[PDB]
Structures are given as C-alpha cells and as structure tokens.
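Student: need a structure here:
(chains A, B, C, D, E, F and G)
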Amino acid sequence: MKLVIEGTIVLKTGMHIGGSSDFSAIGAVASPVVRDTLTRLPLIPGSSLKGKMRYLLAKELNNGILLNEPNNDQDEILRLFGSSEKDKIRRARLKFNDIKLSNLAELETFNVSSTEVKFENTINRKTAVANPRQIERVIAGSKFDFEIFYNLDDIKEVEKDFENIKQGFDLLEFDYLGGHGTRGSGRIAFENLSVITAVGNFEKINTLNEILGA
Amino acid sequence: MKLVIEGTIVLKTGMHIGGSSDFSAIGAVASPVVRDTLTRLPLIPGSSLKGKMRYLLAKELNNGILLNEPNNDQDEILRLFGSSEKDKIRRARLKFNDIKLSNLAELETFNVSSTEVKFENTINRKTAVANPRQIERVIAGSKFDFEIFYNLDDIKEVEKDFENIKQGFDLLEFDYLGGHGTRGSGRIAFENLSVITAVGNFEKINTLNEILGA
Amino acid sequence: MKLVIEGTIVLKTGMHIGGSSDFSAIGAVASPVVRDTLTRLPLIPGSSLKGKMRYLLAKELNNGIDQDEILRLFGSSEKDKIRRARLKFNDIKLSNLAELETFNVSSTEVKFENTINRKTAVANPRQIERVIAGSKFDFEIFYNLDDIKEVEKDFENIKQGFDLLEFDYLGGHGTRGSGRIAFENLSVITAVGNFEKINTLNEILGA
Amino acid sequence: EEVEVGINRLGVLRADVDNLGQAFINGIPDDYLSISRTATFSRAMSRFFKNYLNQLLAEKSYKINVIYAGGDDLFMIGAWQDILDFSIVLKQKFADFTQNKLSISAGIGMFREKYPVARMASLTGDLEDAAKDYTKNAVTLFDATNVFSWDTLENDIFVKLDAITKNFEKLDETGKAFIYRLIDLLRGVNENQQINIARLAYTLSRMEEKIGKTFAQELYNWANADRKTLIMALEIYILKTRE
Amino acid sequence: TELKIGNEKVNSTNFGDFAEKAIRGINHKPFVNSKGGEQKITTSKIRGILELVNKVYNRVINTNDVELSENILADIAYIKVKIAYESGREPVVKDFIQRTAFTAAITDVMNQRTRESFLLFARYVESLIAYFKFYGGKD
Amino acid sequence: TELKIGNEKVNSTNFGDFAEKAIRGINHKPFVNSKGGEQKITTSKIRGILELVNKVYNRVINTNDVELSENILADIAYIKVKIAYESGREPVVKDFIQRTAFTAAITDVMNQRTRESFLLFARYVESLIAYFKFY
Amino acid sequence: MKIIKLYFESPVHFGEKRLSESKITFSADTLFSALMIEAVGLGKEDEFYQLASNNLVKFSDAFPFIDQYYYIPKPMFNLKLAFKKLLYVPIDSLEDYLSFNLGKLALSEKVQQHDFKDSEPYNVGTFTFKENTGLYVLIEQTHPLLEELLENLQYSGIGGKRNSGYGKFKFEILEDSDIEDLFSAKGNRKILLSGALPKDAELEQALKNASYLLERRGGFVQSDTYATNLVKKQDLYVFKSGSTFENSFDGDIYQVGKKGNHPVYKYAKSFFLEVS
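Tutor: Numbers count the residues shown, from 1 in each chain, chains lettered A, B, ... in the order given. Structure data below:
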C-alpha cells in the first residue's frame, strides 16, 4: 500500500520563496517570488518543504545540534527522507510535491492580489545612507493544500514514522518556511491534516489519522 | 494481432528526465532535460517510462519488497517487459515509444515556453552556507501523447496483462516519472487511455478498453 | 524481367542500429551506431531491413501454431530444398542531410541512460549513439521477376511486411522507445525487360 | 578474478621490431665485417626474445599468457594492468639488450572478459600497424587515435599518472566526479578551443581550495602545453581505480 | 560569425583570448574611485552581469532559427539598458564595462541579429567571468 | 510590438535607442527657466515618475492575460493625470515630458489596451531613466 | 578493344577464402560465373557459353582505377635490380617502369537472432570505394549479348554477400584509344591479365621463363539445380593475374563440376599485355 498525507499550509506571515528566471525592472522588485509558470500562481517547491522539514526533524532527533551531512542522520531520518551513502542507501518513504497556491478565489473575494511587495531598506552604519530593496512576497492568510505520498513498506515502523512526521510539522509551525524568515516572514501553520490510502485499505488507518489529527 | 495503447501523460509537477552530463555554461542552466534534437521539444524517453512502470509493477506483484535482479522477478513481469535469462527467454509484448510534447500550441496560447528553470540550493549544515543549483524542468500542465504497441501473443493472457498494465498506470499516478521526485517533481497523471487495433479488428476489444479506460 | 521497389524510410524515433568493435573511451559513447566507413554518414544496413522483414513476415504467417512464400522471398539454404532469393536488398544511406542541415542539427545524437540495481539502488549509466528522429532514408530493393503467376502474392507479402514493420522497431533497443519507422513514397519501377501489369503492383504496394 | 583493483578487462599486446629487415640483411658495416658476428646477432635476437621474455615474465608474477614470441611477431593476452605495466619493461629491456639502436613498436589493446581471440588479434594487429605508421618507434594505447612515442608514453603519461595518483589519494572527497568533468572539458577543447579553456580555468580556480593549491595550477599548465597526454593519463587513472 | 569590438574583430577563435587580455588589463592598471586607493569590481556585480546574460542564454540555446526572435532581441536591448544603468550608478562598473568592452559587443549583436552572434557574445562574457575568477580570486 | 510617439515609431527592439536620443536631446540643449540660467530636471522627479509606473508594473508582469484589466488601465489613466499634474508643478518637468514624449506613449498604451504595449512603455521609461543616470 | 568501367555506390565483399575478410578486386571467372548465372536467369546460357568458348568474348579480370588512371597488378619480372610496398602500377607506365589509395577495407559485424534462444554473431569483411574510383574490366570486341547481360547483372549484384545487401553497381563502356595501342603492340615478354591456366599439351611450352604464382580457385556451387545440396567445386589452380610469360598460351573454360544436373564452368582463358 501507499498512503497520501493530505493537509494544508496556512500562512501567518509573508513567506517569500525563491528566485526567478525573470528579468527585473529598475524601480521594481528584485528577487521575485517563485511561480508555477503555466498559471503564474505562487508556488511552494516541494524541495523547500522537504529540506526545511528534514533539517528541523533531524535537529530534534539527534537531541541538541546537528552538524553533519544529510547522509549521517539517524535511521529514522534516512528512512524517511532518503539517503545516498555509498552502500547503506535507503529509498525515500516520502514523496513531496510542488505546492501551488490553493485558495486564490478566497483571496480575490477580499479584492486583493495573490502577492504583495514589501518595502525594505538598510542603512550604512557610518554614513546613515539608506539602501532600499523591494521583495515580492506572498500575502498572509494564503492557504496551500498539499499532499505527500508515504510508502508503506514495513508495517511495524509506520507508527514511529508518522510520530516523526507529526513531530516535524509541529516543529515547522514554530519556524519559517523559506527566504527572509528571521526578518519577519515565512511563519506557517498546518491545518486539515489527515492521511488516506492510495488504493485498497490500511488496517490501522485510524491510529495514523489520530496521531496527525491532534 | 498487435494492439496500440493510446493515451496522454499530464504533468502535475516538473518531470526533469534526462540530459547530457556535460558542461553547459558557467552561470546558466545545468543538466538540461532531454529533447528531440530536430525539434528541440522536451521529451519523455520510452526507456524511462518502461523502467519506472516495471519497477512499480514488479513491486506490487511479489507483494511488498522487490530485492532482486530484473531478469527474474515475476512471470507476469517477465512476459510483459521482456527477458534475457540463459535457458529461459521470452519476448516483451510491450513496445514503448519516445514520447514528445503535444500541447505546445496550448502553451503558446498562454505565452509561456515549454520548459522552465527551477532554482535550488542546499545548506551545508556545519558552515550554514548555500550551494546553488539550477535544473531545467518541463512545466506543469505539459501533455505527452504516447503510443505503446502491445504484441498479443496469446488470447488467454491479454485480460490479465491489461489488468497489470492498469495496475502499473495506477501505481505511477502515486509516484514520480523521472528525476528529483522526492523533491516535488515528476508527478504525472495518465488520462484518455484507450486501445485500438493496428490492422484488422479484434473481437473482444471492449473488455480490454474498459478495464484500462476506467 | 526485374523490378525496383523504391521508397523512403522516415524515422519517428531513434533507430540505433549496429555495433562496431571500435574502442569506447571511458567517459564517451559505447556502442556507436553503424555508419558508412568512408563517408561517415549514418546508414541502415540492408541485412538489418531484410532480417526484420523476414522476422515479421515469418511471425505473421502460420499464426501461433518455414513456408514456401518466405523462402521464395528471402532465400533458403536448407539441406533438402534450396531456392534463389528473389529479393535483393541494398545498404540504405542517409538522404536528407541537406534537410537536416537546414534545421542546423547533426544527423546523430547521444542518448543518455542508466539501469538501477533493485537491491543496491546504485545507477549504472550508459551512452548510446543514435540517429535522430526525422531522418529520411532512400532505399532501393530489387525484385527478381522470375515467375509471373506469383508476383501478386509476393508484392502482397512485401507490403504486408512493410505495414508490419510500421508498428515495430527496425534495429536496436526498440522495446525502450527506439527504432520506430514509417514507410512513405513507395513506388515500383522496372529497369530491364518489360512487365505488363506494373500498375497493379504499384497499386498493391502504394495503396 | 585474481585482479580486484581495476576494470574487468583483458589487455592485449602485439609488438614487432621495426626496421628489422635492412638491419638483418645489411647492418654490420663493410670495414669491420664478420660472418660469425651476424650469426651472434640473429641468434642473440631470437635468444633474447625467448629466454629473457620467459624470465622477465617469471621473476614478477605477471598475469600474462604468451601466445607466441619472436623478432617478427609477439602476441600476449592478459590482464590490462600487467600488459600496460609490462610494455615499458619489455621496451626498456630490449633497449638495454640491443644498446638502444634496434627500435621497437607495439600496440596495446583492451577488450572485455569474454571476447573472441581472432577478432582480438586482428584489432590489435591493426593498432600496432597504426603505431608503426606513426615511421619510427611508437605505441598505440587502445585506439589508433592515441599514438605515443615510447619515451613520450613512459615519461609523460606515467609521471602524470603517478602525480595524479599521489594527489587524488590524499584528497578525501574529490574523485571521481571532478575527474569526469575535467575529461569532459579536456575532450571538448579539441573542437571548441576557447570556451573550454575558459571553463577549465574557472573550474581550477573554483576547486583551488579543494584539490590543492599547486595541483590545480599544474593541471592548468599541462592542459595547454601537452594536452592530449593528460586525457590518456586521466583515462587510465580511472580505469585503474574503478572498483 | 565575427563580432566587432573596436578596431580589431573577435570571433570563435579569440574571445577567450580577448577576454583574458581584457581581464589581465584590468589588473596591472585598476580603477580609482576618486580617492587615494584603487577599487576593482567585486564578484557579485559581475555575477549580476552574467546572470543578465544567462537569462537570455537559457532560452537561446533551445531555439531553431539562425536569426533571433523579436522577444529575444527585446531582452538583448533591455540587457543593454540594464548595463548602461548599472554602469552609470557606480563608476567602478563603468570602468569594467568600457575596458572589457561590453556595450559595443551588445550593439553589434543587435546589428547582426543572428543566433551565432549572441552565442559568441555569451561565450565571451562567460570567458570574461571565468578569467576574473581565475586571476586573483577571493574565495 | 507597436507604440507611436509622433510620426516616428518605437517598438520592442528599439526603445534603448530612442531613450539615447531622448536624453541626448535633453542634454546638449537643456531647459531655460525663464532666466538666462540653465536648469535640468532632478533625479527625484523622474524617478517618482518611475515609481508611478512601477506601481502598475508589479501587477502586470505578474499576470497572464493578453488584454489589460480595467483596474490596471484605470491606474494607467491615473499615471497620465499625475503626469499632467507634476507637469503643472514645474516647467522643467513640462519640457522633460514634452521632449521625451511621455504623454504620447501613455496615450498609445490607453489606445491599444494590450499587455505588451504597457510592458514596452515600462521598458521605455526604465530606459529613459537608465540613460539619465548614465550621463 | 573496349573498356568496362564499374562504379560501385555500395560496399563490396569479394571473398577469397572466408567471409570475415575481403579483397579489393574480383577475378575473371567470378565475372564469368556472374554472367552465366544471370544468363541462365535469361535462358540464354548455352549460346553465351558458345560465345565464350570460341574467343569472341574474352575479358580480363577486374583492376583498380582512379580518375583517368587505369591500374594493373605489379608485373613481376626476373628483375636483377621505397616502391616495394606498392601493389598496383598504372597500365601505361610500364615503359617508365623499365599517392595510390582507393577506398578502405571495413569489417561489418552482424548477428542472427533466434527467438527462444541466444543470438549468434557473424562478421562480414567489406570494401568501400572512394567517390571518384572503382573497378574496370578489359574486354575486346564487345558483343550485344554481354552488353545486355551486364545491363541486367547490375540489378542482381556482383560480389559475395548477396542478397544482403552489398554488391551493386552501375556500368558504362567508355572505350579508350590511349591504351588500345598498348594491346596492339608486340614485345618479347607478355604479362598476364586474368586468372588463367593453359591446356595440358601446352603447359610445358607456356612454362619456360615464367614468373607466376598459383592460386587455388574453388568454392561452392551457387545454384538451385546442382544436386540438392551445397557441393564444393573441383578446386582448379590457375596462374595469378600479375604473371609474366615470354611465350603466349591460350587458356580454356574448364568444367569444374561433373556431378550435378548441369555443368559448372570456370573461366581460365588468357589475356596478355605485350611489352618489350
């Protein structure tokens, strides 16, 4: 069986992610936000979510600090997010996806664009001359309905895997998702969290949905 | 009698398949996607689709794990995807084909190219410094009309063969097709599946057509 | 007295045919495609086209259960019965290099590919040289009009073999998406002697 | 199977003495000219090839099967490591025996484990013919496009190979992906000469802090002065160090 | 197939050599910013110039016709605008742009509006960045 | 693709050259301020004009449709009004607008209500200020 | 005396002992065997044999030729006296005698696959001619019959590996007078130009001061009528084409098959270039 980890990511702050691949004007945004280029709808890359979740979860596990490569995590993190060390290679149980902006109609209901420009500057400490920059940034309260595929390979380890997954989401609630996070952006939260089967049925599906629905 | 499995692959995310691993440039897109070099239209090789289908389909059969050489896994897989064992060889009934992008007209109506560049990096966690990464990716919403020739060797096996083919197609819907899939790329979705004859007419084509087109 | 079956072979996919014993460098293309040894122009050997037509025609007749038709088209060296081959194939050279120069692309490419071991999950890359798609191939096939009462069934079998080869690869790794060809601009002309009903041969084959 | 260090290939040596004809017919000059001197000359040549070839292959356990030897003809099939490491030994011992005035040419070929010997011998004979076509002493490494003189092969290729093997051993994470990108640039530089030299300089200063301060500038120097040598040096480096 | 800079033409035999001569002429006579000391352009600005070139180079290499399309030439003219803007801001950028002669190159790309001219320009700038990192790098 | 100024046209291969010629027209024969003195326009006025355009540019390059919306073109009309007002403020701004023909371009954008016409106009304004700062 | 020039647009396989290797040119009885097999294709084989038996059809073997240079194998003398590597000399440069490269030999690797079994490879040695070269065949007193047969042979193919897929050619006569006077000349030593063998009562008179090599000349009978199998030929041994003879001899078309349902002939008639 494979399981699908359905949910949504709601933004409490800006969450500027990414770099185009677009030309810039000389009075407009530098470093614009990354977009799904067919629809020009803002996007969370699955690589960003996977990397931040992996870093936070392998910071909590390995209690304290981590200073090593991704191949030197414990077997929970290696079995959850893949590995590439030379002989003890482990296929990733989790498959993330590119997350498009999902509630565009409810953003347009309040009569505003899907993104914003946030004006910044920096002052030189000796000459007090400012240096403005403009960053494109997604507006707060933007929801991102995501889904993550889980590969049910060992039925006696799925309890610890979903415990670790809920641990990683609960850590990522108290941290930014990408870009200028320490300077007041990126703070997200996780809602509508559930797990469903791909095809068939998993026997203890309720013990996974309860460990994520709290 | 030879049958043609006609359909369409629809990209839900990136699908970065293929590329020369030569140097491209210094500050430009690295590892481009594979293309049909007469048109330089982005391409799905039939080798990628066949290999991923064989891996997933031979993981669902031999229920659970697939820890074996590809020349001997399961007899249904052997008769569907070919064989090369010494005293035991049988032909593949399936003939995959190089798939070319078909909806470039629809992508030109949206004023977007058929490919994009995703910007990535990594954070070397001891020094916390970044290491950027540009990968070419086909855009989402790109359609890939494919044809697979089915060699109907025996009438008594064709319904089980398309039951397995629909099984593998359902398995690919919850997995990625090529490249950095666990980082939010490669997600596909098969649609408009049908089976039509090459020459003449098959009599019980309907049971095949709607065990596969459902 | 003798006929010329002329057409074009248009590639829809790769068609990597052949293996030379040329030494492969370590980071470079192993198994290069067959070429002319003096022009270095990519090529379909006539033995490859002949063998693939013989394969598909022999697998077609005697359905799932060889015959005089196949031996009389492509020869025989059986210990009891020996028949002269009516067909005469030729090595097919690439014709539309003037057209492929217009598109500003070489007539050949490298396809990059690997396998993955299922236990150890380590990839294993390979490069294979391959003709590009959209290539044309002017071919001449000569028929020995030795018997008049059999030429109709013979040309029916030749067009049947062409149509069977239309839905199957021509050479190399065809099961992984290569080798798909199509036959267009098929015509039959005589060169010596004079065949009266050349038009029904043209219509049984160019239909 | 006894070899467990390099690529699982079978290396083939075909050698012959070039300019042996007029040297055997009219070599000893007309002033101090003797008949028994010519007898010693030819009998010593055949004597050398037979007994010194068996003893030079016996004193070190070379994994080489000799098919047949002689002045006109030589054919040995073995592991490619021992064949490559024995070709220089045979060349230098022939130079010592003949006081380095009889030249010698050879051809090294390399084939997989299960390969036919007839096509093997014909291909390596083609290789050594291309070596003797140069019309002096030389050797072909694995292909007719790579023809090197014996001192050129020995000196240049083996000091570059030994320097590369010293440098990339002490490096903990550099090889072999850097070497494959380096070979990609150094074989692209044949056709596109300028931009690959620029990319080469960019990568060498990129990995100046990683591969070594002096080795990167040595690679940049070698890739302009004696280029084609370093490609073969890197290729036989990876062929040696592949597990 | 041959791009003009000053009184000497550059093609696909000399752009690495011309850019090497230009970079090594930037050293041994650097720019002075109207104060006592010299000042040369940093890594980040020339990577900005290279990124501006690469934003078109990523699209041109997958094109068909030997003459560029109009949206490519629009972006080339806008690159010329951006280089003229950033050079007027800081005089250290103006010195690098004039001495490693960039505006003349991009204008003569705009005259002969062909694919090979833009590729020659792009490999010229790529070699220019390459030799700047090769000589006196601060990594 | 198309944007008319007088009887003389500027298109999307070409705006840099008319920005050259427009600024080099502002220089070499500058404004006279009803005095014998010389006067050229300051940085902040023209770049307030740039920020006036870039309040619209950030919502056009972000979008998809080939025709401009009514909110966007309403703000384009607002740009034309603000041009008229800050022309009425200072005579040097009036002659900068009259020589570097800006009202002509903004009326061209209001006539052909396409996305690419405004994007060309934004290219032209950015190039105007680029060649202002270059000299 | 006429010329028969042969322009090959495809590779050739002129085997001499085995399939894996090939030869640059083809012999005279090779061309005569091709003409006999094509004539029994047309049913006119009997009067073609009666033409070639009574000297009105008398051709040499194939020789290399490059642009306006016609070659022969290096005639080998009792010369009492570097150019020792050269195998072919121009046909008119014999008086000067008392650079050159047409094509390159290739080896084509093939296979035969079985469906429920492992494949088996076989390799074919080939030769490909350069763009402005080929082969030429000497002939005297051209006949309408042989002009009709070579017009018909070029759609069946001279060469070995048929009908996969090598030997094909287009011919034209293009007679010459710069080299007809060579063959009208008479000298003291006459060189051979075809694989020949004298009759039994004149081999001694033909063999006086000669310089020759024998060549075995056999193979398998290529027909569907000779005795229900693949029977070998009586291996006739003929003189090599680069021979010299001080006195002339006339060859015969020997019957080297005497057990099947039809005779198998082998052309061994002489063709001399008389020189001082």
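Student: CA atoms for contacts and neighbours, from now on please.
Tutor: Will do.
Student: Might you calculate how far stretch E:78-95 sits from the centre of the chain?
Tutor: Taking the mean of its C-alpha atoms, stretch E:78-95 sits 11 Å from the chain's own mean (Cα atoms, centre = their mean, to the nearest Å).
Student: which one is residue D:64 nearest to, not counting chain neighbours?
Tutor: In this structure, residue D:64 finds its nearest non-sequential neighbour in residue D:78, 4.1 Å apart by Cα to Cα, 6 or more residues apart in numbering or on different chains.
Student: The one you found against residue D:67, yeah?
Tutor: No - look at residue D:78 against residue D:67 with Cα atoms under 8 Å: they stay out of range, at 10.3 Å.
Student: and the two? which has more neighbours close in?
Tutor: residue D:78 (20 against 9; other Cα atoms under 10 Å in any protein chain shown).
Student: and residue 33, how many neighbours?
Tutor: Because you didn't say which chain, this covers chain A. 23.
Student: could you do chain E instead?
Tutor: 13.
Student: Name the nearest residue to it, sequence neighbours excluded.
Tutor: Nearest-residue entry for residue E:33: residue E:39, 6.4 Å, with adjacent residues in sequence omitted and distances by Cα to Cα, 6+ apart.
Student: can you pull the contacts of the one you found?
Tutor: Neighbour list for residue E:39: E:30, E:31, E:32, E:33, E:92 [criterion: Cα atoms under 8 Å, 6 or more residues apart in numbering or on different chains].
Student: of those, closest to residue A:61?
Tutor: residue E:92 (49.5 Å; Cα to Cα).
Student: That closest one should be in a helix, yeah?
Tutor: Yes - secondary structure of residue E:92 (DSSP: H, G, I helix; E, B strand; the rest coil): part of a helix.
Student: That one contacts residue E:38, doesn't it?
Tutor: No - counting by Cα under 8 Å, residue E:92 stays clear of residue E:38, with 9.7 Å between them.
Student: Mind listing the shared neighbours of those two?
Tutor: What both residue E:92 and residue E:38 touch, as defined by Cα under 8 Å, 6+ apart, is the set E:31, E:32.
Student: So between the two, which is more surrounded?
Tutor: Higher neighbour count among residue E:92 and residue E:38: residue E:92, with 20 against 12, using other Cα under 10 Å.
Student: now the more buried one: how far from chain F?
Tutor: Distance, residue E:92 to chain F, using Cα to the nearest Cα, to the nearest Å: 13 Å.
Student: For the residue nearest to residue D:64, give me its contacts.
Tutor: Residue D:78 makes contacts with D:10, D:11, D:12, D:63, D:64, D:65, as judged by Cα under 8 Å, 6+ apart.
Student: Mind checking which of the residues you listed are in strands?
Tutor: D:10, D:11, D:12, D:64, D:65 (DSSP state E).
Student: follow-up on the earlier one: and the residue nearest to residue E:33, how far is that from residue F:31?
Tutor: Residue E:39 sits 36 Å away from residue F:31 when distances are taken as Cα to Cα, to the nearest Å.
Student: which residues does residue G:115 contact?
Tutor: B:90, B:91.
Student: and residue 66, how many neighbours does it have?
Tutor: I went with chain A, as the question did not name one. Look at residue A:66: counted by other Cα under 10 Å, it has 18 neighbours.
Student: my question was about chain E
Tutor: Close neighbours of residue E:66, defined as other Cα under 10 Å, add up to 14.
Student: Write the ChimeraX selection for whichever of the ones in strands among the contacts of residue D:78 are buried.
Tutor: Of those, the buried ones can be selected in ChimeraX as follows, counting by 16 or more other Cα atoms under 10 Å in any protein chain shown:
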select /D:10,11,12,64
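Student: Let me have the ones in strands among the contacts of residue D:78 in a markdown table, extended by distance to residue B:142.
Tutor: Below are those laid out as a markdown table (distance: Cα to Cα, whole Å):
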| residue | distance to residue B:142 |
| --- | --- |
| D:10 | 48 |
| D:11 | 49 |
| D:12 | 52 |
| D:64 | 57 |
| D:65 | 59 |
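Student: can you tell me the residue of chain E closest to chain A?
Tutor: Taking Cα to the nearest Cα, chain A has its nearest neighbour within chain E at residue E:55, 6.3 Å off.
Student: wait, that residue sits on residue A:23?
Tutor: Yes - here residue E:55 reaches residue A:23: they are 7.3 Å apart, a contact under Cα under 8 Å.
Student: list the contacts for the residue lying closest to residue G:275 once chain neighbours are set aside?
Tutor: Nearest non-adjacent residue to residue G:275, counting by Cα to Cα, 6+ apart: residue G:187, 4.5 Å away. Residues counted as contacts of residue G:187 (Cα under 8 Å, 6+ apart) are G:274, G:275, G:276.
Student: Now the buried members of the residues you listed.
Tutor: Among the contacts of residue G:187, the ones that count as buried (16+ other Cα under 10 Å) are G:274, G:275.
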